[PDB]
Structure formats: structure tokens, C-alpha cells
Amino acid sequence: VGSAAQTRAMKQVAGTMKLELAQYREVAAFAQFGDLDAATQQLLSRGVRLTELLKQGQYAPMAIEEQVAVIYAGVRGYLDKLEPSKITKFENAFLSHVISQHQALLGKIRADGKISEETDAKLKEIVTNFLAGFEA
Amino acid sequence: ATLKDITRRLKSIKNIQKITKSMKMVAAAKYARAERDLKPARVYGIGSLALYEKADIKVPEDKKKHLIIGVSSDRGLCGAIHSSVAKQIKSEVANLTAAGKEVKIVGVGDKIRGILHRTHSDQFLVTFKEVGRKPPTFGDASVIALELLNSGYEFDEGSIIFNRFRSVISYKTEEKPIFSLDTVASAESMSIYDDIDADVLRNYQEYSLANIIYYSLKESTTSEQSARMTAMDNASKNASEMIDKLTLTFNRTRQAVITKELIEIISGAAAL
Amino acid sequence: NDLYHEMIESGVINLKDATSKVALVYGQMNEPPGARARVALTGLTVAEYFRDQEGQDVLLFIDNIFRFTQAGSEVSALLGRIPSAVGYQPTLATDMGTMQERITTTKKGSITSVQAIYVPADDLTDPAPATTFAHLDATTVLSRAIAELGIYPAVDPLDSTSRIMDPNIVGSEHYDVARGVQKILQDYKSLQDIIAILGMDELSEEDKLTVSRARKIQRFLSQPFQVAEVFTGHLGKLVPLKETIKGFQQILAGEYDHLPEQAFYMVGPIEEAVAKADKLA
Amino acid sequence: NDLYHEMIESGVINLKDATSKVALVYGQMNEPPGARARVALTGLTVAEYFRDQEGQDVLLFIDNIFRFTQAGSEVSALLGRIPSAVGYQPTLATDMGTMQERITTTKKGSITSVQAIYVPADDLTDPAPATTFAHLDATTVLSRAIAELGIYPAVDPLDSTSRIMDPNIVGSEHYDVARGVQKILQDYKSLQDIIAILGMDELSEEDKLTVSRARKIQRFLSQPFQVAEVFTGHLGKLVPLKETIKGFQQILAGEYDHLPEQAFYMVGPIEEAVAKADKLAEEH
Amino acid sequence: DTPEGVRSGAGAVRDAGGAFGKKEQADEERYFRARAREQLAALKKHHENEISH
């Protein structure tokens, strides 16, 4: 970890993302589906969502705050309903929407280095609103 | 592909082969038992068949509802035993429900349930588990039929689907109609029948349902066991081919490793 | 000798007037090891002249560059050098780079180099083929197993790579199609073990779809070749890129799931595949 | 540097007073091969002084003794020796013994030595780790596969051995519990192969019970470490030997079969194990 | 038989790390993940019962 060589805002979502992805890896390695929605299908859907979130293109580095935003969007379950093959489109669209409209949010995240409760509430509003308005 | 990797894969496939062979033996024993009592079950089921064999009865033109009784086990590793039954059920529910008949499916066999749990879950009224683990008998069919009546669903038309045992290697997904409805059971064919009353006719159709469920289970269980034995034998054969190839690769790699270390040591010696 | 006479017939090598467009340098296996280690440099020099002095684009086709390295190993022992891994010369990387670096497009001219590289014992971890990978923009790896199944050409779909496979270069549609094909073939490879032991029966109906579609793609990758007409008896089919992209789109989507997989084998465009499918009545 | 600073704040090394309790000999990989082959000798010489001249008990902690052997392999060719198997120096066992025999508890004094041994490419058959096995009374092998499972520490339950593992020495109850744990884990290893083909919903109830108990034991093996508080995030725990024996004995008996497996992961005593289960139920 | 022949051991399927090993790993998790939920729910019911009494 580099003795806390990761920004606090990134840590907050990264810990849960790591745990969820570990659990998803442990359970979704069969491809021989039988029937446990609450336990497995819930977990593996979130794992697929987080993997699509992790997928990234070439020669397009993302700023740490934008990564925090997208990883937040995926890890809070807001994208669980989103289609697994449409997650990437949502990632790109949400990134653009945040950068353009809510650039102040990104600035605050970067300046503070930590997502406070108030910043979390702002992120909740942003993601929920865009997610509802994502598909016209 | 280190010798370590080749060894790991070879050992794993060897273990798989051993397990599959033992499983084939156990399935063979179970199939031997299931074929044994299939002969007593056979004539008993033929007794149920005789009803429509002699008193030829057909669904008039259409039934308001319908019942599809797809029988199977809960244990897989039996090729397409469950798959074939599920396919037949899907074809029928596609064939029906065009005329308006509301088909309902009782999934005796958690395998059948799961196969249709994600498409036809609504049509499932009740699904019966613990099928295939224990050799079926009439009392089991008694439970299934009784709970079917306890549901109260108006199964005017019924259909049972099962893999009838053809041979040790072949099975046929036969379908036998269940003209459970009293109206269809009382057709022109029974004009010449004397003592039969409507009440005891409904009772007779109920007992026929129970015993046809019994007969269907025995055929399916024998087919399932035979298929499982054959599949495990085939898996063992495939494992044998794979381990033969892997052993050849292992020998080549081992000799290569010895040669390579020899060459390294010789090169080190000469350089000195 | 075949290629020389074939080019003469085609007119690429005219023995009457100076309309010839191809020069030939030959260092065939009959030559001593020293000669085989320098003929590639001879062909490279005659290509270099056209690249720089004449300023004309050239296509340098070299056969078995591996033989250049192999010749070096044979003379390295007699040159008094401590043998390297396997037994190759200790200067494999340096001499190979010196040769390859000269075969490059410059600002004066362009040289499209098609170099065939033999892998010893069908082994790509061998030092000679392994080092060659770094000197190639596009790499095509033929596999014996694919040839055993009958698919010709035997290009390995999941091993061959290229540097122009960039969505901003080759196009988004093309990139997506290629990546999807590779993905479905990779998933089929991942399910190979379960298939090989248990049987295809013990798979999800979704998995069966992936297996069925992947096999159709593998068959459709095969293409009759014009130089292979005299071998297979089937006329070669030069398929335009757009047709390949569209056909693989259609196969990936599922439009031709009903068609048998055999109908996709040794065909040109997907239209020939559907025609063959109907023919298979 | 991390160790040096940590011991400074921990108090083991006092830069102000003269109550420091740990001496440091460091030759890192930045050092030349020759230096990396004698730092162990320097450290053990200091320990020997703390054993013979002063009749005290010493603790010699050496990291990656393997480097002692590897450094010799980097210079044997220049020294003029024909390479031995794999590539190590022909004087592997002799030099390793010459070093190791010095690190012992004489009748004058005791030296409890903990030596970390890097296993090249996770191959215990490699000559460097293989030779060092004979020189160590108690061996604890860390398996990568267990670490991939998440159990930390990744001690391999079926590979670690100690000479004092004797019912006469550790006690009958301790020995019985340990052997039972090892046996149940072996039987679980056997059962996994069956599982892969049959299916978990096909095994017998005895097989399912054995698998469940073995998984519970494997989870309970994991123990959060104080030094690993930074990594895991859980507070470090120290389990007394009596509590360890009691907890594993209870799990073997089956008294905690009703508790979920998760409750036994990254806990201290079985009291923490049962308490965690209640928290999950409250959060269920 | 002859000792020279390669001999397999318990756990080889999982040790290989192949498809069959991964299937065994996931299958064990899917079963006990569900079992833990049943066990946890039963513990919650037990806790509620003792709270009532």
C-alpha cells in the first residue's frame, strides 16, 4: 500500500470495490449456472459491473477524482440495474457530465483529498439524477 | 509449460478418471436395480394405459387449462435426460397457449425446475424435490398426485413427459396424455360401460393419475441411471486419452530438462 | 525454381524487356552455413537501394529468417564463443537486431517486410522465434493444431497480433468486431477442459450458444487460397475487408445460428456460407 | 529502514538512553554479492557474543537466509568452480552447514533463531530451501494458494512440522487436537476432488459435515496481526495456547457447527468467533 | 504398481488451477454462502427468541 500511498477519497470506495471483486472472483468461476439470486446473482452482477467499470481505454489517463466518481457510481450499487454491456457507455457519459456540469464537485474532491459526508450527498444527487436521465 | 505444470494437469486428470470410473460403477449398480423393478412397474403402467388403449379417448377440441408433468431427477451428469424433457415441455407450451389453454407445469425434478425456473417459473404450480436420490415407488407418486389434487388447480387436460427406457444406451422422451377431466373421461367410448358413475369415474381418473405418475418415474429413473453410467464411462475414456497424451508430453519434458541441465553444466565446465 | 517460373508466367519477371518488378536473391539450404547467414543481408541491401536511392516503395518478402539465425549458431561454435541458452550464438539478439533494424521504413521510402519465421518444434519460447517478436509490427502465428482440425490458413486467432488494431486507426466497428470474435473464441477455449471431460451436455444453454457460435467463427476464419487451388480443389476467394467485418458481425449477432457450422468451412464471404448451407440439404 | 524506525518508536531501540534490546546488521540487495554472503556471519557472530561472553538468551532474526546461498552462486563461477545442479555452487551444503551449525543453543547459552527462507519459484525441491530443512527444528511453510484464499498467515497446515510436536512434550490433548485438525484438512483435500465432478449437492451428509468443519478450521487458522493492522485493517490479536487448543477442539467436536464460516475468519479466540457471528445476525 | 510412474494425490484437481479446480472452488462457495445465510437467519431468530424471553 506504500504506507497509505493512496488518497483517502480513493481508499473509501476502493476498499469496498476490492472486497466485492474478491467475493465475485471466488463465486463466479463456474459458467455452469444451475439459482441463488439473493446470495450469488446479486454478488456476481455487482462484480460484472465493477469489472466493466475497471475496463479502460488506451492513452486516456483519468484524474484521481474522476476515478473516485466512477468507482463511487459503481460501488454504491447505483449501476447494479444498468445493463452489463451498457456500463461502459454509462462510464463515459457520466465522466463527461461530471466534468462539464459538476466540475466544482471534482475540484472539491481533489482539494480536500477526502469525500466527506456532504460531498457524498452531493455525489448521491449527481449520480441518481444522471442515472435516471441516462437513458432518454 | 514447465514439467511442474504438466505434472499438475496429469495428476488432476488421473484423479478425475478414477472418480468417474467409480461413479460409473455405482451408476451401473443403481441402473441394475432400476431395470430390475422396471419390469414389475411396466405391466402396472400398462394397466393404466389400457384405459385409453381400449376406450379410445381424445381431448374434445380444447381445454381451458392444461397440466404438463415433466418427470426427472434432481441429480445431473446424465447427458440430456433432463434437457430432452425440458425441450419437450418447452415445445408443448409453445404448441399450446396458442389456443388459449393455460398450461401449468409441475416440475418433478429440481433439474426440470431450474431449467425452466428462468423462463416458465410462472407456469410452475408445485415442484417436487428429492427425486432420483431414492428409487421411486407408488407412495412417492401417491404424494405427488395427492399434493397435485391438494393444489385444487383445474387440470382438465394433463400431459406427462418422461424419458422412457429403450435400451442400455438409448432412451425416448415419451409423452402420455392425461384425460383427467370427468367430461373427457365420459365420452362416447364409455356409452357401453355399465356400472361406472361420474363420481367413481373422477376417482378412477385420480387413481390413474397417481399410478401413471408411478410408472413414468420408474422409466425415467432407469433411463437416468443408464445415461449416467454411459456418461461416466465416456468421461473416463476421455480422461484416459488425455492422460496418455499428457504422459507423452511429461516424458518429453523430463528428458528435455535433464538434457538442458547437462548442457548447462558442461558449458560451465568448459568455460573454466 | 517454382516461384521463378511462376513469376515469369505472370509477367512479374519479364525475360524480354526491363518491365520486371521483382528482384530475387537466393541463399537456399544447399548453401554452406556462412552463405545462409548473409543472403538475407543481400536481399536487404538490394531492397535498401530501391527504398533510398530510387525512393520507391518496396515489398521485401524474406523466407525463413530463422535460417539466418540458425546459420549463425552453426558458425558461432567454430568462431570460439561460449554457447548461449539452447546452443544458439551469444550474439543472437544483437545480430538479429542489426539485420532487422535495417529493414525499416524511413522518411525516404517504405519497405513492407513480410518475413516468414520458422519456430523450432512448434515452440515459440525458443530463443530465435522469441527474439523476432520484438521486431515486428504485425505478427501472424500459424498453429499445427488448427491445421490438424483442417482450418486453413492455420492462423491462431488468439495469438496473432498487430499494432494497427487501434480503434482510432482501423475503425471502431472493425475494432469491436475483432475484439468480440477474440472474446468468444477465448471463452470457448476456457470451456474446452470441461467439454473434453464431462461433455457438452453439462453446459449452460447460454454456454452452448457461445460454443456453437465460436465454432462457426473458427470455420469462417478458414478461407480457400488461390495458391492452394491445386491442393484442395476449391477455387480461392479473395474477400474484401468490409465483407469480412460484416460477415463476422452477422455471425456474432446470431443471424446465422440456424446454419450448420460445416457451411462456414472453407468459404469466402458469408453469402457463400449461406449458399453452402442451403446446398447442404 | 521501516524496521529501524518501527523499533525506535516501539522502544526496542532507544536513541537517547542505553536500554536498546536489539542490534541490527544489514546488508541489502544493493550490496555486492560478496557482502551479501557474510552479513549473516556478522550477525551470528554478534549473537554468539551475546551467548558465550554473556550468558544470556538471544534471538537471532535473519531475513532471506537464501541470499547467503544465492550470493555464493553469483561468485562461484569467477572463483573457478564447476556449476552444481540447477546452477548453485558445488559448495552449497557444506557452506550452509558451516553457517548454520554456529547458530545453535550451546550449554553455555540459548539462541532462539528465526530464519526466513525464500523458496525460489515456490519450489521447495530447489536445493537452497531443501538443504536448509535439515538444519531447522521447527519449520513453517507459507503456501501461496492459502494466501490467495486470504488466510493470513498463510501457514500450510499440512506441511509445517516441529520436532517438539510429541504428545510427551506438547501434551496429549494438544497433540490429539493438532493431529485431528491435520487429518480433517487432509480429508477435505480428498473430498474436493470428488466435489469437482459430483457437485456439492451430491456428497453425503458426512462428506458435507467434514467439508464444513474443515472450512471452519481453515478460517479459524487465520489470525489478524498487529504488524498487519496497516494491511488488513483489523486490530491485531494474540491467542493463548490454551485458548487455541480449546477453540480448535470445540470446532472439531462440532459445538460451533451452527455458526457461519465467515464468523471464524480473521478472529482471535473462539469467543471472538462466536461474538462476530452475533454481529452479522444483528446486521442481517 | 511400479513406483516410477507418476502418482497423483489428494487435492490435485484444485492444485492444478484449471477449469475443474475453479468449478470446485466456486461450487463450494455457492453452497456454503447459502448455508451461512440460513445459519445466520436461524441465529437471528434465536436472538429474537431470547430477547422475547
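Residues numbered from 1 in each chain as written, not as in the entry; some residues may be left out. Chains lettered and ligands numbered in written order. Part of a larger assembly, values for the part shown. Heavy atoms only, no water. Residues with missing side-chain atoms left out of burial classes, pairs and counts.

For this deposited structure, the header cites cryo-EM as the method used and 3.11 Å as the resolution.

Chain E is annotated in the PDB entry as ATPase inhibitor, mitochondrial of Sus scrofa. Per the header of the deposited record, the title is "Cryo-EM structure of ATP synthase non-stator state".

The name given to chain D in the PDB entry is ATP synthase subunit beta, with Sus scrofa as the source organism.

**Quick notes on a nonpolar patch on the surface**
Taken together, C:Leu3, C:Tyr4, C:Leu15, C:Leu24 and C:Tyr26 make up a surface patch of nonpolar side chains, about 450 Å² in accessible area. Within the secondary structure, C:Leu15 is located in the loop between helix 1 (2-10) and helix 2 (33-36). (Patch = residues over 30% accessible without salt bridge, like charges linked within 9 Å, V, L, I, M, F, W, Y side chains within 5 Å. Areas by Shrake-Rupley, 256 points an atom, 1.4 Å probe, with all protein chains shown as cover. Salt bridge = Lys/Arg side-chain N within 4 Å of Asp/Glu carboxyl O. Helix = DSSP H or I, 4+ residues; strand = E, 2+ residues; numbered from the N terminus.)

**A word on the layout of surface pockets**
All names here are of chain C. Its volume calculated, the second largest pocket comes out at about 1800 Å³. What lines the second largest pocket is a set of 44 residues, and nearest its centre among them are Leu3, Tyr26, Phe61, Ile62 and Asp63. When contributions to the lining of the second largest pocket are tallied by element, the ones reaching two or more residues are helix 1, helix 3 (39-52), strand 1 (58-62), helix 4 (66-78), strand 2 (111-115) and helix 10 (229-232). Looking at the lining of the second largest pocket, its residues break down into 28 nonpolar, nine polar and seven charged. (1 Å grid on protein atoms, 1.4 Å probe; cavity = no way out; pocket = protein on both sides within 12 Å on 5 of 7 lines; lining within 4 Å. Points joined across faces, edges and corners; volume = space filled by probe spheres on them. Nonpolar A, V, L, I, M, F, W, Y, C, P; charged D, E, K, R; others polar.)

**Description of the interface of chain D and chain E**
With 27 residues of chain D in contact, the opposing surface of chain E contributes 22 residues. Every element with two or more residues in the side of chain D that touches chain E is listed here: helix 10 (172-198), helix 11 (205-221) and helix 14 (270-282) of chain D. (Contact = heavy atoms within 4.5 Å.)

**A closer look at the interface of chain D and chain B**
Opposite the 14 residues of chain D that make contact, chain B presents 14 residues. Buried area between chain D and chain B, both sides added, is near 1100 Å², and the carbon and sulfur share of it is 65%. Of all residues in chain D, D:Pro83, D:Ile197 and D:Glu202 give up the largest surface area on contact with chain B, accounting jointly for 44% of the area buried on that side. Our count for the chain D to chain B interface comes out at two salt bridges. Residue B:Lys4 pairs with D:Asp123 through a salt bridge whose shortest N-O separation is 3.6 Å. At the boundary of chain D and chain B, one finds two residue pairs in polar contact. Among the elements that line the side of chain D that touches chain B, the one with the most residues is helix 10 of chain D, at four residues. Considered class by class, the residues forming the side of chain D that touches chain B number eight nonpolar, two polar and four charged. (Buried area = accessible area lost by both parts, 1.4 Å probe. Polar contact = N/O pair within 3.5 Å; in protein donor to acceptor, adjacent residues only side chain to side chain.)

**Quick look at the nonpolar core**
Within the largest apolar cluster, 47 residues are counted, with the highest numbers of intra-cluster contacts made by B:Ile13, C:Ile197, C:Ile217, C:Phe220, C:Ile251, C:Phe264 and C:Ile270. For this core, the secondary structure elements donating two or more residues are helix 1 (3-54) and helix 6 (198-271) of chain B, helix 8 (172-198), helix 9 (205-221), helix 11 (241-253) and helix 12 (270-279) of chain C, helix 10 of chain D together with helix 2 (19-52) of chain E. Here the element with the most residues in this core is helix 8 of chain C; it accounts for 10 residues. Residues within four places of B:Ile13 in sequence aside, it is in contact with B:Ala239, B:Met242, B:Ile243, B:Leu246 and C:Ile197. By size, the runner-up hydrophobic cluster in this structure holds 33 residues, among which are A:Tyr72, A:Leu105, A:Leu123 and A:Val127. (Core = buried A, V, L, I, M, F, W, Y, C linked by side-chain atoms within 4.5 Å. Buried < 20%, exposed > 50% of the residue type's maximum accessible area, 1.4 Å probe, protein only.)

**Some words on the sheet that holds strand 1 (residues 65-70) of chain B**
Residues and elements named next belong to chain B. Sheet architecture is open: four strands sit in the order 2-1-3-4, paired in mixed fashion. Both outer strands of the open sheet, strand 2 (102-106) and strand 4 (171-178), are each paired with one neighbouring strand and no more. Geometrically, the sheet is characterised by an average inter-axis angle of 25° between neighbouring strands, direction not taken into account. Strand direction decides the pairing type here: strand 1 and strand 2, joined by five bridges, are parallel. When the bridges of strand 2 are listed, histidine 66 appears paired with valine 103. On top of the sheet, helix 1 reaches strand 3 (158-165) and strand 4; it is set at about 145° to strand 3, its chief contact. (Pairing = 2+ DSSP bridges. Axes fitted to C-alpha atoms, helices over the stretch in contact; angles between N-to-C directions.)

**Some details on the environment of B:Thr222**
All names here are of chain B. Positionally, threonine 222 belongs in helix 6. Assessed through its relative accessible area of 0%, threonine 222 is described here as buried. Between the C-alpha atoms of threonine 222 and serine 167, which are 55 residues apart in sequence, the distance is 9.9 Å. Ignoring sequence-local partners within four residues, the contact set of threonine 222 consists of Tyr31, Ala34, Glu35, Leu38 and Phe165.

**Some points on the arrangement of the chains**
Contacts are most numerous between chains D and E, considering all nine pairs of chains that are in contact. You won't find any contact between chain C and chain D; their C-alpha atoms come no closer than 8 Å.

**Observations regarding the pairing of strand 1 of chain B**
Residues and elements named next belong to chain B. Counting buried residues in strand 1 gives five out of six residues, a clear majority hidden from the surface. Crossover connection from strand 1 via helix 2 (residues 81-95) to parallel strand 2: handedness right-handed. Sheet topology places strand 1 next to strand 3; four bridges connect them, and they run parallel. By the bridge assignment for strand 3, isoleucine 69 is matched with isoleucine 160. (Right-handed = clockwise from strand over helix to strand, strands pointing away.)

**Quick word on helix 8 of chain C**
Structurally, the α-helix is built with 3.6 residues per turn, so residues lying three or four positions apart point the same way. Over its 27 residues, helix 8 of chain C runs 39 Å from end to end, which matches the ideal 39 Å to within 8%, given 1.5 Å per residue. Where helix 8 of chain C is concerned, the buried positions are C:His174, C:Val177, C:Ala178, C:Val181, C:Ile184, C:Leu185, C:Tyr188, C:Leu191, C:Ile194, C:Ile195, C:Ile197 and C:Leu198. Elements that come into contact with the buried residues of helix 8 of chain C comprise helix 1 and helix 6 of chain B, helix 9 and helix 11 of chain C together with helix 2 of chain E. Once helix 8 of chain C ends, the next one or two residues include C:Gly199, with phi positive near 120°. (Expected span 1.5 Å × (residues − 1).)

**Digging into the packing of aromatic side chains**
On inspection of all chains with the given rule, the structure shows 21 aromatic pairs over all chains. Taking 5.6 Å as the distance between ring centres and 35° as the angle between the ring planes, the aromatic pair formed by B:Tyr31 and B:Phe165 counts as tilted. Here the residue B:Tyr31 occupies a position in helix 1, and B:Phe165 occupies one in strand 3, the gap between them amounting to 134 residues. Looking at B:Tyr31, the relative accessible area reads 12%, which means it is buried. Ring centres of D:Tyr49 and D:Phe50 lie 5.9 Å apart, and the angle between their planes is 80°; this geometry places the pair in the edge-to-face category. Take D:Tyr49: its relative accessible area is 42%, and that puts it in the partly exposed class. Given a relative accessible area of 31%, D:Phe50 falls into the partly exposed group. Each residue in the set A:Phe90, A:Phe94, A:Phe130 and A:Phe134 is aromatic and connected to the rest through ring pairs, giving one cluster. Across the ring face of A:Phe30, the terminal group of E:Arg30 is positioned such that the distance to the ring centre comes to 4.1 Å. The ring of E:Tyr31 has E:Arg35 sitting right over it, with the charged end atom 4.2 Å from the ring centre. (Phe/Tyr/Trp six-rings, centres within 6.5 Å; stacked < 30°, edge-to-face > 60°. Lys NZ or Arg CZ within 6 Å of the ring centre and 35° of its normal.)

**Things to note about the side chain of A:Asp120**
All names here are of chain A. Mapping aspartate 120 onto the fold places it in helix 6 (residues 117-134). At 2.5 Å, the side chain of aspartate 120 and the side chain of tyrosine 72 are in polar contact. For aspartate 120, the contacting residues outside a window of four places in its chain are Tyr72, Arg76 and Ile115.

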